[PDB]
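Asks: The structure's right below; bear with me while I get my questions together.
Note that each Cβ is placed from the backbone with ideal geometry, even for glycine, and that neighbours are counted across all protein chains shown. What follows draws every value from the coordinates through simple rules; no lab data is involved.
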Amino acid sequence: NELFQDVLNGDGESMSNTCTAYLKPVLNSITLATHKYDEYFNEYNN
Amino acid sequence: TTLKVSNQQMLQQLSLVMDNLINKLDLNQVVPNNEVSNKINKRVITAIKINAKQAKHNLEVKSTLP
Amino acid sequence: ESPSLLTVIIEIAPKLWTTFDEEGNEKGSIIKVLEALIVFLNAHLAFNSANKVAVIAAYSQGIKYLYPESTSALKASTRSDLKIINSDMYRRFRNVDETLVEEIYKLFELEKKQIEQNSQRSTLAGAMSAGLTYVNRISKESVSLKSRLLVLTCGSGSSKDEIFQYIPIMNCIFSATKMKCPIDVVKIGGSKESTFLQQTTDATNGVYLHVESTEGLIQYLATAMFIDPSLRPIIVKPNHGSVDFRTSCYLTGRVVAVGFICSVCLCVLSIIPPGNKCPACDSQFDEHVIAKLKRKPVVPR
Amino acid sequence: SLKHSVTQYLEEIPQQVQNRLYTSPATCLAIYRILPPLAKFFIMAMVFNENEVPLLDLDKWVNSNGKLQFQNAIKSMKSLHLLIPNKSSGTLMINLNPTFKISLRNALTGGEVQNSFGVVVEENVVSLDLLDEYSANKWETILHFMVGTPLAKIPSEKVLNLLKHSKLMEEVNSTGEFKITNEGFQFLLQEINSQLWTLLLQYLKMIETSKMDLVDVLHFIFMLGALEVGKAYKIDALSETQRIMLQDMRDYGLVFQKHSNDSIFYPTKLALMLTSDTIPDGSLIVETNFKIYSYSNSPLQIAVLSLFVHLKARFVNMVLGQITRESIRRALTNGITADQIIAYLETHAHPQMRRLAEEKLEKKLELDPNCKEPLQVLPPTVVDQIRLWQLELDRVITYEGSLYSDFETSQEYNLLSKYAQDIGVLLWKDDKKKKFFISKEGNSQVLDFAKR
Amino acid sequence: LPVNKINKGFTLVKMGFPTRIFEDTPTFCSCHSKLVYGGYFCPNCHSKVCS
Ligand SMILES: [Zn+2]
Ligand SMILES: [Zn+2]
Ligand SMILES: [Zn+2]
């Protein structure tokens, strides 16, 4: 997220899309991992 | 996991193929009628445009990033 | 630049083509696809003088070569000059087309003799193996020659995907990869997705082509199937809908996600087999590793 | 070579003559095989649809690896007039040539051909017993007249003035012999298919009269390419230009007839050889002592080795010769360059020379890997001797022209010298000696420049 | 090599079949941390691999 703002005030959206697309797959990977952890946490809570 | 055809229709279809094969096997009928040829060409050009856009580009590659 | 061999593995089956005639508005579609094949073969022979052509028809009882003819019939020719194609065309085209249509005549008569037996076994894989053996003979007999395969299969919305064609066709792929011989597939029928032939034409650097209408097929064959092996690397391929290279489970048959195989016979299982025994190789499995896999992952409270 | 020469002759043909050419299926089928493979693929892509295709689509067909090849194919497309470009709605679209497309589709699918591929009369002889050695005998007698050996049989006067009008076979009548040029040894050097093409294209450039037509000779040459050996063909579909063409190609060896004024002619193996191609005989062993041990039994290779090797003996399998000085002097007075001689020796070398060249190059690379050397199939001593014998003829060179001097002013001399240099006729100028030399062809320009 | 009869390590192996992705924008691979145009999305963790 800070990198998603670090370029945002850096070059002004002519460059943030490239960095976002470069870091997309690892972002969906950690998002899926955190979502799986959260849903197993809610499953064991219930 | 995510039509039944009888032998008499089978045999009469084969006999129709036989009489269509014996009499005159006119090859010039393969030429399309200037519309289905255009549709087939349009589909092939769209498919090869998709494949060329995907396969235009495939040590790491150079990037615009500093 | 370099002469080539074109082998057409045409799958002619009266049940499949009858179902295609019933599904389509037109009748006698095998005549149209045979006409398109004949004009395509004449085009390939016109591409280069030293080019060579072979055809294998796969029928419900097996396979049969169509060009070149059975060598005893070549030695006997007896006189069998049927007037199916006119004699005033180019002679090298004329010999090939007449041999092909005479073999079509003989094959349809032979299968009409054997129409009483309905076969549940498709012979496309054996025909592809025979075509690859022909490619080997032509490659090592004459010193080099590029080569190509063409498969004109029909599903007609009736014949689904078949498990028994998984093992042979796959092996054919590797042999094709051994000889740098692309395997090109034209599927005529309502089944838009045919997994095994798509994996074949993707792994052999070929082109897949699913069409729904037999009319205008020569446009398709001379547009996309006319990639001679001398210009394969410089032509981008029109194969749309890239195949996923997955496989099917053994006990459920569904397309497989993250899954399990045995270390003995490599069969894919989407779920743990009951009885702790592999369904194919019949090997006994220890309780420890399957208890580890069946165990849930941890999460804190 | 082979495709480049016929392609160049095809662009030398005007566009309307090309459109008149493209009527029959045989010549279109033959021309289609001369194209590059990407050009052939585009032709077959555009033949079966009756609508024009944009150039952007054909650009999209070609991958990024061989784009220039595509341009080269397009250059061939822009050379044989196979496409019509059209500027419509700001787009450069491509239409196939309608006569060519119709003719090629008639060739492929069949239909009307107007008997452009001949018809069999089902009266034939086996090729090996008659036609093969007929074509062989005609080719060997004309190529033995080419090499200049004495013969008991000489061909007709038409191939004689074919050679007289040719750049090869220079002629003298005060002596009584016919001299081979450098182009003659180049003609002997290349393969028989390119030999047939050079002879036929020069026969094409000869003819301008109304006795025979250019479209008829083109159609008949490509049809003889399209026929098959071993089956005879009949005569009335040919023109009178094409009957006298049958006469001339029977004289040359392309076609067999048993007697003159017959209606049944037999194509030979050379006609099938015309379109495309398909220890060796004539392979020779050369040593450091300039000896020639040639595995040749045909008179052709012996006679063509007699041009530059003093032959000493002949067996049924062996021909014994020596690379003497005077034989190479005879070769250079025949205009044969040493490079063509070295080429003829290396392409006809013994395979033992080739293999020994690979062990010698392996010893060289394991000896001095820092540099790479060519596969010297012949020893360098005989090559050096041949090149010295080449150099010793043209040690002294005489240029014929005129010398101008005796100028009282240096400005006039400099003006005349720079005028001669501007027109490219000067060979020497010297202000200290005040003399400049000009060539024979440029004497008149300097003369009427000085007069005016 | 052929295995012996006494060996009883007849074990299930958990694996996934990745999907070949097609993107016109290069991305960071998870194995070498470099730009690769293609890649195979892993079915378990949605990360991409080179080979
Ligand atoms: Zn197993
Ligand atoms: Zn993973
Ligand atoms: Zn990697």
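Asks: Do you know which of the residues in segment C:1-29 that are more than 30 Å from D:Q69 (Cβ to Cβ) and charged (D, E, K, R) is farthest from the other protein chains (Cβ to nearest Cβ)? Write out each step before concluding.
Replies: Initial filter on segment C:1-29 (more than 30 Å from D:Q69 (Cβ to Cβ)): C:9-29.
Subsequent filtering for residues that are charged (D, E, K, R) retains C:11, C:15, C:21-23, C:26-27.
On the way: C:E11: 15, C:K15: 6, C:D21: 6, C:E22: 7, C:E23: 8, C:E26: 12, C:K27: 7 Å.
Filtering segment C:1-29 for residues that are more than 30 Å from D:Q69 (Cβ to Cβ) and charged (D, E, K, R), the one farthest from the other protein chains (Cβ to nearest Cβ) comes out as C:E11.
Asks: Could I ask something else about it? What's the number of the condition C:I218 fails, among (1) over 17 Å from the mean Cα position of the chain (by Cα); (2) in a loop (DSSP other than H, G, I, E, B); (3) within 14 Å of chain D (Cβ to nearest Cβ)?
Replies: With (1) over 17 Å from the mean Cα position of the chain (by Cα); (2) in a loop (DSSP other than H, G, I, E, B); (3) within 14 Å of chain D (Cβ to nearest Cβ) applied to C:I218, the lone miss is (2).
Asks: Scanning segment C:243-261 for residues that are over 21 Å from C:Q198 (Cα atoms) and of a type in the set (V, I, T), which turns out farthest from ligand 1 (Cβ to nearest atom)? Show your work before the answer.
Replies: Within segment C:243-261, the subset over 21 Å from C:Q198 (Cα atoms) is C:251-252, C:258-261.
Applying the additional criterion that residues be of a type in the set (V, I, T) yields C:252, C:258, C:261.
On the way: C:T252: 16, C:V258: 18, C:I261: 8 Å.
Applying the filter and picking the extreme gives C:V258.
Asks: Please work out if E:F17 is more than 16 Å from ligand 3 (Cβ to nearest atom), closer than 28 Å to C:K294 by Cα and more than 9 Å from the chain's Cα centre (by Cα).
Replies: Numbers: more than 16 Å from ligand 3 (Cβ to nearest atom): yes; closer than 28 Å to C:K294 by Cα: yes; more than 9 Å from the chain's Cα centre (by Cα): no.
Criteria not met by E:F17.
Asks: Between C:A13, C:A58, C:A73, which is touching a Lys or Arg at 6+ places or on another chain (Cβ under 9 Å) and crowded, with 22+ Cβ neighbours inside 10 Å? Reasoning before the result, please.
Replies: On the way: C:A13 fails: touching a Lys or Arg at 6+ places or on another chain (Cβ under 9 Å); C:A73 fails: crowded, with 22+ Cβ neighbours inside 10 Å.
Answer to the check: C:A58.
Asks: So, one more: Got a sec? Which helices (runs of 4 or more DSSP H) wholly within segment D:46-129 have at least 1 residues that are hydroxyl-bearing (S, T, Y) and touching a helix residue (DSSP H, G or I) at 6+ places or on another chain (Cβ under 8 Å)?
Replies: Numbers: elements: D:55-61, D:67-77, D:98-109.
Passing ranges, in order: D:67-77, D:98-109.
Asks: Follow-up question, since we're still on this one. Does C:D161 qualify as being part of a loop (DSSP other than H, G, I, E, B) and acidic (D, E)?
Replies: Yes; evaluated as a whole, the condition is true for this residue.
Asks: Tally up the residues in chain A that are within 14 Å of chain C (Cβ to nearest Cβ) and in a helix (DSSP H, G or I), please.
Replies: From chain A, those within 14 Å of chain C (Cβ to nearest Cβ) are A:32-46; that's our starting set.
Now narrow it down to the ones that are in a helix (DSSP H, G or I): A:32-45.
The qualifying residues number 14.
Asks: Also: Residues C:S194, C:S122, C:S159: which one is surrounded by 16 or more Cβ atoms within 10 Å (Cβ to Cβ) and either within 30 Å of D:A107 (Cα to Cα) or in contact with a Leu (Cβ under 7 Å, 6 or more places away or on another chain) (or both)? Don't jump to the end; show me each part of the working.
Replies: Details: C:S194 fails: either within 30 Å of D:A107 (Cα to Cα) or in contact with a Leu (Cβ under 7 Å, 6 or more places away or on another chain) (or both); C:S122 fails: either within 30 Å of D:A107 (Cα to Cα) or in contact with a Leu (Cβ under 7 Å, 6 or more places away or on another chain) (or both).
C:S159 is the lone residue from the list that is surrounded by 16 or more Cβ atoms within 10 Å (Cβ to Cβ) and either within 30 Å of D:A107 (Cα to Cα) or in contact with a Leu (Cβ under 7 Å, 6 or more places away or on another chain) (or both).
Asks: Specify the residue that is farthest from D:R250 (Cα to Cα); the eligible residues are those in segment D:119-143 that are of a type outside the set (A, V, I, L, M, F, W, C) and more than 28 Å from the chain's Cα centre (by Cα).
Replies: Ranking the candidates gives D:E122 first.
Asks: Name every residue in segment E:10-37 that is assigned to a loop (DSSP other than H, G, I, E, B), within 15 Å of ligand 2 (Cβ to nearest atom) and within 30 Å of C:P279 (Cβ to Cβ), in order of residue number.
Replies: Scanning segment E:10-37 gives E:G16, E:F17, E:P18.
Asks: Kindly indicate which of C:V33, C:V53, C:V8 is β-branched (V, I, T) and in a helix (DSSP H, G or I). Steps first, answer last, please.
Replies: On the way: C:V53 fails: in a helix (DSSP H, G or I); C:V8 fails: in a helix (DSSP H, G or I).
So the residue among C:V33, C:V53, C:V8 that is β-branched (V, I, T) and in a helix (DSSP H, G or I) is C:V33.
Asks: Does segment B:34-44 contain any residue that is farther than 30 Å from D:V53 by Cβ and assigned to a helix (DSSP H, G or I)? Talk me through it step by step, then tell me what you get.
Replies: First pass over segment B:34-44, keeping only residues farther than 30 Å from D:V53 by Cβ: none.
For segment B:34-44, residues farther than 30 Å from D:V53 by Cβ and assigned to a helix (DSSP H, G or I): absent.
Asks: Could I ask something else about it? Considering (1) more than 7 Å from every other protein chain (Cβ to nearest Cβ); (2) part of a loop (DSSP other than H, G, I, E, B), say which one C:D244 fails and leave the rest.
Replies: Here C:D244 meets the rest and fails (1).
Asks: Right, another one. May I ask you to list the residues in segment C:155-178 that are over 12 Å from the mean Cα position of the chain (by Cα) and among the aliphatic types (A, V, I, L, M)?
Replies: Across segment C:155-178, the qualifying residues are C:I163, C:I167, C:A176.
Asks: Ok, one more. Just to verify a result, which residue in segment C:221-261, among those that are surrounded by fewer than 21 Cβ atoms within 10 Å (Cβ to Cβ) and of a type in the set (S, T, N, Q), is nearest to ligand 2 (Cβ to nearest atom)?
Replies: C:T247
Asks: How about segment B:29-63: which of its residues are surrounded by fewer than 14 Cβ atoms within 10 Å (Cβ to Cβ) and either touching a helix residue (DSSP H, G or I) at 6+ places or on another chain (Cβ under 7 Å) or within 14 Å of chain E (Cβ to nearest Cβ) (or both)?
Replies: Here is the first cut: in segment B:29-63, the ones surrounded by fewer than 14 Cβ atoms within 10 Å (Cβ to Cβ) are B:33-35, B:39, B:42, B:46, B:53, B:56-63.
Within segment B:29-63, B:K53, B:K56, B:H57, B:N58, B:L59, B:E60, B:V61, B:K62, B:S63 meet the criteria.
Asks: Could you count how many residues in segment C:262-286 are loosely packed, with under 13 Cβ neighbours inside 10 Å and near ligand 1 (Cβ under 9 Å from one of its atoms)?
Replies: Total meeting the criteria: 2.
Asks: What number of residues in segment E:38-51 are in a loop (DSSP other than H, G, I, E, B) and either away from ligand 3 (no atom under 11 Å from the Cβ) or not polar (S, T, N, Q) (or both)? Don't jump to the end; show me each part of the working.
Replies: Of all residues in segment E:38-51, those in a loop (DSSP other than H, G, I, E, B) come to E:38-39, E:42-47, E:50-51.
If we keep only those that are either away from ligand 3 (no atom under 11 Å from the Cβ) or not polar (S, T, N, Q) (or both) as well, we get E:38-39, E:42-47, E:50.
Residues in segment E:38-51 being in a loop (DSSP other than H, G, I, E, B) and either away from ligand 3 (no atom under 11 Å from the Cβ) or not polar (S, T, N, Q) (or both): 9 in total.
Asks: Working only within segment D:157-196, note down all residues that are under 19 Å from D:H4 (Cα atoms) and in contact with a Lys or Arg (Cβ under 9 Å, 6 or more places away or on another chain).
Replies: Selection gives D:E183 alone.
Asks: Could you name every one of the helices (runs of 4 or more DSSP H) located completely within segment D:198-293 that has at least 1 residues being under 18 Å from C:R91 (Cα atoms)?
Replies: Working: elements: D:214-226, D:240-252, D:269-275.
Of the helices (runs of 4 or more DSSP H) lying wholly inside segment D:198-293, those with at least 1 residues that are under 18 Å from C:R91 (Cα atoms) span D:214-226, D:269-275.
Asks: Check C:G259, C:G275 and return the single one that is more than 38 Å from the chain's Cα centre (by Cα) and of a type outside the set (S, T, N, Q).
Replies: Values: C:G259 fails: more than 38 Å from the chain's Cα centre (by Cα).
Among C:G259, C:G275, only C:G275 is more than 38 Å from the chain's Cα centre (by Cα) and of a type outside the set (S, T, N, Q).
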